[PDB]
Amino acid sequence: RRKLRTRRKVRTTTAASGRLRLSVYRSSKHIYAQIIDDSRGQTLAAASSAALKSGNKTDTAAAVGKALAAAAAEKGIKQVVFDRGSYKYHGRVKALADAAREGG
Amino acid sequence: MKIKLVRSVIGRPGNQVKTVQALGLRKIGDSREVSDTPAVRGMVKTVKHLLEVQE
Amino acid sequence: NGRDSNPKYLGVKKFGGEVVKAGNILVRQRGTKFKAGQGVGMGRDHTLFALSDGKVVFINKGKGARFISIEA
Amino acid sequence: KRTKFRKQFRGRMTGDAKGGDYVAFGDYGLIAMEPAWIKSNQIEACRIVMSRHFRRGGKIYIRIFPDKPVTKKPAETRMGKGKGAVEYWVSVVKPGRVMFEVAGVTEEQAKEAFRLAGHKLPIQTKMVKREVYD
RNA sequence: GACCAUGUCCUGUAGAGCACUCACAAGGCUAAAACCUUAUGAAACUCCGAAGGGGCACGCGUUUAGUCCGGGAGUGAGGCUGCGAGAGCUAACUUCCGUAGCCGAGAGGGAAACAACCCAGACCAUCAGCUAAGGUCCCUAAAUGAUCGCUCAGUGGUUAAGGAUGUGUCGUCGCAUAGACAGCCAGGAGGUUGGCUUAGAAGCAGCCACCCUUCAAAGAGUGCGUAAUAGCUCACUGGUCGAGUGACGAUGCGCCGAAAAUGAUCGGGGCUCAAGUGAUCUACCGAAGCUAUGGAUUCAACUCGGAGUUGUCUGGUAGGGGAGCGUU
RNA sequence: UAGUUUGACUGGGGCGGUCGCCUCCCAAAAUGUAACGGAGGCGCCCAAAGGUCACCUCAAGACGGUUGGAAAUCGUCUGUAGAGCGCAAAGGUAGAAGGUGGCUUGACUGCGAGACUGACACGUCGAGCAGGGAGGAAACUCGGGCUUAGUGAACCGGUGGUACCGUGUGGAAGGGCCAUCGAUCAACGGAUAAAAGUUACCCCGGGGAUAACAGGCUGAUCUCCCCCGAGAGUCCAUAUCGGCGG
RNA sequence: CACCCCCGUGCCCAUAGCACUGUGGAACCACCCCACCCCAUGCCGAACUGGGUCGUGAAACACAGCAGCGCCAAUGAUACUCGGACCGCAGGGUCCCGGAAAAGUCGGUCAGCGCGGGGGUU
Ligand SMILES: [Mg+2]
Ligand SMILES: [Mg+2]
Ligand SMILES: [Mg+2]
Ligand SMILES: [Mg+2]
Ligand SMILES: [Mg+2]
Ligand SMILES: [Mg+2]
Ligand SMILES: [Mg+2]
Ligand SMILES: [Mg+2]
Ligand SMILES: [Mg+2]
Ligand SMILES: [Mg+2]
Ligand SMILES: [Mg+2]
Ligand SMILES: [Mg+2]
Ligand SMILES: [Mg+2]
Ligand SMILES: [Mg+2]
Ligand SMILES: [Mg+2]
Ligand SMILES: [Mg+2]
Ligand SMILES: [Mg+2]
Ligand SMILES: [Mg+2]
Ligand SMILES: [Mg+2]
Ligand SMILES: [Mg+2]
Ligand SMILES: [Mg+2]
Ligand SMILES: [Mg+2]
Ligand SMILES: [Mg+2]
Ligand SMILES: [Mg+2]
Ligand SMILES: [Mg+2]
Ligand SMILES: [Mg+2]
Ligand SMILES: [Mg+2]
Ligand SMILES: [Mg+2]
Ligand SMILES: [Mg+2]
Ligand SMILES: [Mg+2]
Ligand SMILES: [Mg+2]
Ligand SMILES: [Mg+2]
Ligand SMILES: [Mg+2]
Ligand SMILES: [Mg+2]
Ligand SMILES: [Mg+2]
Ligand SMILES: [Mg+2]
Ligand SMILES: [Mg+2]
Ligand SMILES: [Mg+2]
Ligand SMILES: [Mg+2]
Ligand SMILES: [Mg+2]
Ligand SMILES: [Mg+2]
Ligand SMILES: [Mg+2]
Ligand SMILES: [Mg+2]
Ligand SMILES: [Mg+2]
Ligand SMILES: [Mg+2]
Ligand SMILES: [Mg+2]
Ligand SMILES: [Mg+2]
Ligand SMILES: [Mg+2]
Ligand SMILES: [Mg+2]
Ligand SMILES: [Mg+2]
Ligand SMILES: [Mg+2]
Ligand SMILES: [Mg+2]
Ligand SMILES: [Mg+2]
């Protein structure tokens, strides 16, 4: 089964560290990748791909990361924890991290 | 509440002995008035078999 | 027979409603009979000691789901 | 009555019965009045005598069973070393716990069957007929 | 500090349950493991799970202890009882732990007597008073007390399995002024000297099975009988008979069961014409406990330059401390 | 010839057994708690069974299947676990501690706030700081192993560093310190470096703290009685005898 | 929190889960789609994974009905027990006061609260 995600999301015990976590959903390339402060039941920085276009999924993903980096920097955030989903750090998601911390 | 010792403390388990002592009757035939406060009302229920509760 | 082994005075060393210094030991256990909540960190033999000074509180739905947090 | 394999030894105590206060299976039955151990052999004698009264019968459940070993110390020995090895098995029998339960035999026949089956027993007992049963 | 109350947390015992492990009770199902209905035990089994118990905090309440630091010790053989376990034989004035209390270190009243049990912790003095346990017939202090019973056994004043038309209190089942239980006369039947048996077994050794006729009236039918039938009785029938009976049951008090060694006994006398008993209620006796008057110490406050007042305290072994008396 | 050694517990001594550490029950729902009480393990292992990063999910059953068939192996369905965890068990564990690879050694040096535990002495856990490493993209995790056994103070010495003492001064001999090695000293807090019997020729000092006798308490065993009643007694349980049980 | 609905991520922590089942469709999600290479399978693009439309709501998933199952679960009555006070030689047991389960019945539920976004009534 997909015991990848409960495992990786129990390994964010370091939400006790105070950093926010950055969920990603390499599914339909919907890769919405929310930023969450877990303590409240609250999310703070959405970046859904509704009509961003940008072409092939591996590069639209980096576009989603570079746009969300601004979308969260507006509110005043910089500590980061990359709560990957079940997905590997394989590239199409790795571009999201590269472009996200390229412009925190 | 009126209280009077009419039982010896001898030979009775030591919680009852420190209970009568803090009640402040050190000898049988002692009496005293007492507050209605639940703390002391339970202090007297604990050793009611030693005392004559009057009120 | 006639053999036996030393006591290991294990337990809930600090009960909920007890202020604790950092590094106080609060539960002793063979394993994770307690699973350590926020502020607490669990050692090698799975004793869990508070990291932060404050009150001790028990999260406890039970059945292996009992956790010890500390509130400042 | 003997238990085919176990762990070796036990202990003892008593308080009133919580398993088998009501009869099933049979027509009539018999109940303890006194707490006690009962040996395998006391059972087997009740079986022998109630099978004497029940020729070609087959209505003899034995709703009790020697579970507990009890181990006397050997010949003449001063104390020291274990409980020897088990000398006989016994069944705890607290009051109100049924022992016996017949069917298919008329009231006075079961009544005599229970007379003899109790007289070999080390306890008071009583015959009962079933009706206040859920 | 200590007890007690509130708040909170932690626990896996009693109990209780089979959901796992071992065990185990009657069946159905089936190449029997498995499975289902039903049924159970478990120190090393737990789906559960109190009472209590421990830590914290408060004191929202009565009390007086505690903590550390320095001098001196002794003790490191425990004993019983009750509760909870182990070991034992559910033995022991047994042995080993937990726990409470007494004894050790404890006087006084009770238990005839008696470290441990029940009452009650002795500062001193009194020819003063109330009580505790326990008592009130004489010994022997104090009701031959009162009221409803219970037991006629000296039970009381030594056990049990088991028996008993012993006796009260309720209580369940039948058949009766269309007249029953014992109780007297009257009948005892039919194939049938019934199948199944050993050598004969024929109400009436005994394994297997009980229907059918003639009847106001009787079961191929009870215990006896010689080895078999008769034989006197019985279960239904009847003139009489004239009113209750018989059954298992719960129980209260008793009987038997119930033999040991120098001489008997409840402590003794004696007790039912209660001095036994269960239920109630008083009235008094009854301690070195409590109260009264007097008296002195330990401590502490309170006053004057140990004294005195008020409170309080004063059983005591090893021991620690303190004030003093006697001899050279 | 001589001076000595020759262990303790022990329902009396001897014999047998035991002596240290771990697990469970006893242990009476805190911690603790005895027994020659009931059960069983340890005197090690692992260059990866570590650190880290990443990835898989186990028994067992049924239907189906090649030489195998109750159980090799593959295939489907059910499958909070009925498996596994190096050895014993309890706890624990399914988001892993179980299984499988890549990298490397934190199986580091210097420290230790705070506590748990113990009469001590030992023992346990431990956040975070330095120097510097290792894995990861990072958060982060590493100063051994899921945990609890795998162990012995102190003395006297071996080996490598270091440059403190080193006797008049300079050196060296020797010593100190840091590291490490030598222990069934297992009677496992460990009397010496170095040790067995025997006494009925016995002697002393003690003990009813403790056996042989006798009394006592108990009454398993012993002696006796009673209940039942199977059968024996042709017949008929009880004239006698009375199984198995109480 | 205008009304629904979807993707995700929390709190909760079986009264939320199972099964039977019906709705769902290019809006969302999901399989199918191809593989020399990023990247990978101790064999397989099944899994990760990279390049995408059709197709299809089949399967999975979401959401409703659903009391066969599970899950919860009284009251009442006990068991037991703190203190008090008793009987039995003994195993054992009783009484007064107060605390009081477990099992079972009665009955309850196929949940309940957020946060961000996506597309709807245009
Ligand atoms: Mg018990
Ligand atoms: Mg039951
Ligand atoms: Mg043994
Ligand atoms: Mg206080
Ligand atoms: Mg039990
Ligand atoms: Mg306790
Ligand atoms: Mg305060
Ligand atoms: Mg001192
Ligand atoms: Mg001693
Ligand atoms: Mg003792
Ligand atoms: Mg025994
Ligand atoms: Mg003794
Ligand atoms: Mg002794
Ligand atoms: Mg003494
Ligand atoms: Mg004393
Ligand atoms: Mg006395
Ligand atoms: Mg006496
Ligand atoms: Mg006298
Ligand atoms: Mg004496
Ligand atoms: Mg004396
Ligand atoms: Mg005595
Ligand atoms: Mg008394
Ligand atoms: Mg008087
Ligand atoms: Mg009186
Ligand atoms: Mg007189
Ligand atoms: Mg009797
Ligand atoms: Mg009179
Ligand atoms: Mg009077
Ligand atoms: Mg007097
Ligand atoms: Mg006096
Ligand atoms: Mg005076
Ligand atoms: Mg004194
Ligand atoms: Mg005094
Ligand atoms: Mg004195
Ligand atoms: Mg010796
Ligand atoms: Mg304990
Ligand atoms: Mg002791
Ligand atoms: Mg791991
Ligand atoms: Mg650290
Ligand atoms: Mg570092
Ligand atoms: Mg790196
Ligand atoms: Mg050297
Ligand atoms: Mg030596
Ligand atoms: Mg030693
Ligand atoms: Mg000589
Ligand atoms: Mg002497
Ligand atoms: Mg002696
Ligand atoms: Mg002797
Ligand atoms: Mg002899
Ligand atoms: Mg109730
Ligand atoms: Mg009470
Ligand atoms: Mg009690
Ligand atoms: Mg009650």
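Neighbour counts are summed over all protein chains in view; Cβ atoms, including those assigned to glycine, are modelled from backbone coordinates with ideal geometry. Read the figures in this text as sums done on the coordinates, not as results from a lab.
A few points about this structure:
- Filtering the range D:18-35 to residues that are more than 15 Å from D:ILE123 (Cα to Cα) and in a loop (DSSP other than H, G, I, E, B) leaves D:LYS18, D:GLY19, D:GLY20, D:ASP21, D:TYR22, D:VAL23, D:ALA24, D:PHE25, D:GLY26, D:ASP27.
- Residue in the range C:2-12 that is in a loop (DSSP other than H, G, I, E, B), within 20 Å of A:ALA16 (Cβ to Cβ) and away from every other protein chain (no Cβ under 14 Å) present: no
- Residues in the range A:2-30 that are more than 14 Å from chain C (Cβ to nearest Cβ) and either more than 26 Å from A:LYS75 (Cβ to Cβ) or without any contact (Cβ under 8 Å) to a residue 12 or more places away in the chain (or both): A:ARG2, A:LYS3, A:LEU4, A:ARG5, A:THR6, A:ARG7, A:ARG11, A:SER27, A:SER28.
- In the range D:62-102, the residue that is surrounded by the most Cβ atoms within 10 Å (Cβ to Cβ) out of those that are assigned to a loop (DSSP other than H, G, I, E, B), among the aliphatic types (A, V, I, L, M) and within 9 Å of RNA strand E (Cβ to nearest atom) is D:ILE64.
- Hey, D:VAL49 of a type in the set (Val, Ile, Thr), more than 9 Å from RNA strand F (Cβ to nearest atom), closer than 27 Å to D:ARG130 by Cα and not in a loop (DSSP other than H, G, I, E, B) or not: no
- Meets criteria (within 16 Å of ligand 11 (Cβ to nearest atom), more than 14 Å from chain C (Cβ to nearest Cβ) and acidic (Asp, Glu)) for D:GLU87: yes
- For D:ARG55, the conditions (1) under 13 Å from D:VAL98 (Cα atoms); (2) surrounded by fewer than 14 Cβ atoms within 10 Å (Cβ to Cβ) all hold with the exception of (1).
- The set of residues from the range C:21-67 being touching a residue at least 24 places away in the same chain (Cβ under 8 Å), part of a strand (DSSP E or B), at negative phi and away from chain A (no Cβ under 14 Å) comprises C:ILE25, C:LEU26, C:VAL27, C:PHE49, C:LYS55, C:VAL56, C:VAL57, C:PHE58, C:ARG66.
- Test: residue in the range D:23-46 that is away from ligand 11 (no atom under 16 Å from the Cβ), over 19 Å from the mean Cα position of the chain (by Cα) and in contact (Cβ under 8 Å) with a residue 24 or more places away in the chain: no
- Selection status of D:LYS59, near RNA strand E (Cβ under 7 Å from one of its atoms) and either more than 20 Å from D:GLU107 (Cα to Cα) or in contact with a strand residue (DSSP E or B) (Cβ under 8 Å, 6 or more places away or on another chain) (or both): no
- Within the range A:50-88, the residues that satisfy the criterion of being part of a loop (DSSP other than H, G, I, E, B) and over 30 Å from A:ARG1 (Cα atoms) are A:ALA51, A:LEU52, A:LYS53, A:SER54, A:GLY55, A:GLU74, A:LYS75, A:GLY76, A:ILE77, A:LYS78, A:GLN79.
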